[PDB]
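Below: the structure, in structure tokens.
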Amino acid sequence: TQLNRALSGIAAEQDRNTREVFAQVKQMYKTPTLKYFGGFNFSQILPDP
Amino acid sequence: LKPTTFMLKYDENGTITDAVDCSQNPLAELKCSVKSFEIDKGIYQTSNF
Ligand SMILES: *[C@@H]1O[C@H](CO)[C@@H](O[C@@H]2O[C@H](CO)[C@@H](O)[C@H](O)[C@H]2NC(C)=O)[C@H](O)[C@H]1NC(C)=O
Ligand SMILES: *[C@@H]1O[C@H](CO)[C@@H](O[C@@H]2O[C@H](CO)[C@@H](O)[C@H](O)[C@H]2NC(C)=O)[C@H](O)[C@H]1NC(C)=O
């Protein structure tokens with residue numbers, strides 16, 4: 001009983017470590033079709049839809 | 001009489017006031033683990049199958 005509380009206690013922080021990094025974002029924005037914002041090319045950084 | 005597992009709550013005077021069957025349903029299989037009668041919302045860990 002004490003072992004599974006230890007590994008699931010480790011496993012629960014691996015969710016907390018990922019949410020404290022990526023999930024700082026309140027809202028989902030769309031992918032812009034514009035990709036030269038003044039000649040700054042951005043197809044490699046944006047997802048290719 | 002059958003050999004199952006019960007959890008018992010004793011008062012200030014050693015009187016059994018309430019009891020829980022640990023083999024009735026999964027909700028009461030949970031209360032025997034955490035040692036409480038009123039259990040908060042979430043996933044808790046129980047015995048494996
Ligand atoms: C951003 O740079 C990329 C480099 O891959 C350009 O993509 C290529 O553009 C040429 C000519 O336009 C095409 O022949 C290729 O097929 C493109 N490759 C891919 C993978 O799409 C892209 O045109 C540039 N975009 C802007 C806005 O400057
Ligand atoms: C445990 O037993 C004691 C008796 O020794 C109870 O205390 C008495 O309770 C009655 C009724 O509530 C009161 O009128 C008395 O004044 C109490 N006496 C003392 C010395 O406290 C107590 O209530 C019992 N507790 C439980 C949880 O059953």
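Within each chain, counting starts at residue 1; across the structure tokens, chains are named A, B, ... in the order shown, with ligands numbered 1 upward in that order.
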Which residues form the shell of 10 Å around ligand 1 when you count only C-alpha atoms and all ligand atoms, given as a list in words?
residues 33, 34, 35, 36, 37, 38, 39, 40, 41, 42, 43, 44 and 48 of chain A
Suppose we keep N, CA and C atoms; can you now write the selection as a short mmCIF file (atom, residue, chain, number, x, y, z; two decimals), in the first residue's frame?
data_model
loop_
_atom_site.label_atom_id
_atom_site.label_comp_id
_atom_site.auth_asym_id
_atom_site.auth_seq_id
_atom_site.Cartn_x
_atom_site.Cartn_y
_atom_site.Cartn_z
N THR A 33 -3.20 32.79 -41.41
CA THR A 33 -2.81 32.43 -42.76
C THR A 33 -1.66 33.30 -43.25
N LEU A 34 -1.59 34.54 -42.75
CA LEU A 34 -0.43 35.39 -42.97
C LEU A 34 0.81 34.77 -42.36
N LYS A 35 1.89 34.70 -43.14
CA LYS A 35 3.14 34.15 -42.63
C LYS A 35 4.37 34.98 -42.95
N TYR A 36 4.26 36.05 -43.74
CA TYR A 36 5.33 37.04 -43.80
C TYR A 36 4.79 38.32 -43.17
N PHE A 37 5.08 38.46 -41.88
CA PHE A 37 4.67 39.64 -41.12
C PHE A 37 5.75 40.68 -41.31
N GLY A 38 5.76 41.30 -42.48
CA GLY A 38 6.81 42.22 -42.84
C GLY A 38 8.04 41.55 -43.41
N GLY A 39 7.87 40.39 -44.05
CA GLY A 39 8.99 39.64 -44.56
C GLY A 39 9.58 38.64 -43.59
N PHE A 40 9.28 38.77 -42.29
CA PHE A 40 9.63 37.76 -41.31
C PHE A 40 8.86 36.49 -41.64
N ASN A 41 9.54 35.48 -42.16
CA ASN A 41 8.86 34.26 -42.58
C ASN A 41 8.60 33.39 -41.36
N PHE A 42 7.41 32.76 -41.31
CA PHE A 42 7.00 32.01 -40.12
C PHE A 42 6.34 30.67 -40.43
N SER A 43 6.56 30.09 -41.61
CA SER A 43 5.96 28.79 -41.87
C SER A 43 6.64 27.68 -41.07
N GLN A 44 7.91 27.85 -40.72
CA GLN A 44 8.65 26.81 -40.03
C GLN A 44 8.32 26.77 -38.54
N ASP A 48 2.05 23.57 -39.74
CA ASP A 48 1.62 23.53 -41.13
C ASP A 48 0.25 22.88 -41.16
#
I need the residues in chain A that are helix (DSSP H, G or I) according to DSSP; give them as a ChimeraX atom specification.
/A:2-22
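As for atom CA of residue 44 of chain B and atom CA of residue 10 of chain B, they are spaced 24.7 Å apart.
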Listing only residues of chain B within 12 Å of chain A, what is the closest atom pair and its distance in Å (to one decimal) for each, using only C-alpha atoms, sorted by chain and residue number ascending, as a tab-separated table?
residue	atom	partner	partner_atom	distance
B:33	CA	A:1	CA	9.4
B:34	CA	A:1	CA	11.1
B:43	CA	A:12	CA	11.1
B:44	CA	A:5	CA	10.0
B:45	CA	A:5	CA	8.0
B:46	CA	A:1	CA	9.0
B:47	CA	A:1	CA	8.5
B:48	CA	A:1	CA	10.4
Could you pull out the residues sitting within 10 Å of ligand 2, using only C-alpha atoms and all ligand atoms, and write them as a PyMOL selection string?
chain B and resi 10-17
Strand (DSSP E) residues, from DSSP on the backbone, in chain B, as number ranges by chain
B: 6-10, 16-21
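Across the structure, atom CA of residue 28 of chain B and atom CA of residue 13 of chain A are spaced 27.6 Å apart.
Coordinates place atom CA of residue 7 of chain A at a distance of 21.3 Å from atom CA of residue 29 of chain B.
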Could you pull the residues within 12 Å of residue 2 of chain B, counting only C-alpha atoms, minus those fewer than 4 positions along the same chain, as a PDB file with N, CA and C atoms, in the first residue's frame?
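The result, stored in result-v7.pdb:
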ATOM      1  N   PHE B   6     -14.851  -5.326   8.114  1.00  0.00           N
ATOM      2  CA  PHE B   6     -15.643  -4.176   8.511  1.00  0.00           C
ATOM      3  C   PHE B   6     -14.758  -3.112   9.130  1.00  0.00           C
ATOM      4  N   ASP B  21     -19.254  -1.945   5.536  1.00  0.00           N
ATOM      5  CA  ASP B  21     -18.801  -3.180   4.908  1.00  0.00           C
ATOM      6  C   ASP B  21     -17.745  -2.855   3.863  1.00  0.00           C
ATOM      7  N   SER B  23     -16.772  -4.893   1.584  1.00  0.00           N
ATOM      8  CA  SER B  23     -16.949  -5.734   0.408  1.00  0.00           C
ATOM      9  C   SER B  23     -18.340  -5.593  -0.182  1.00  0.00           C
TER      10      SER B  23
END
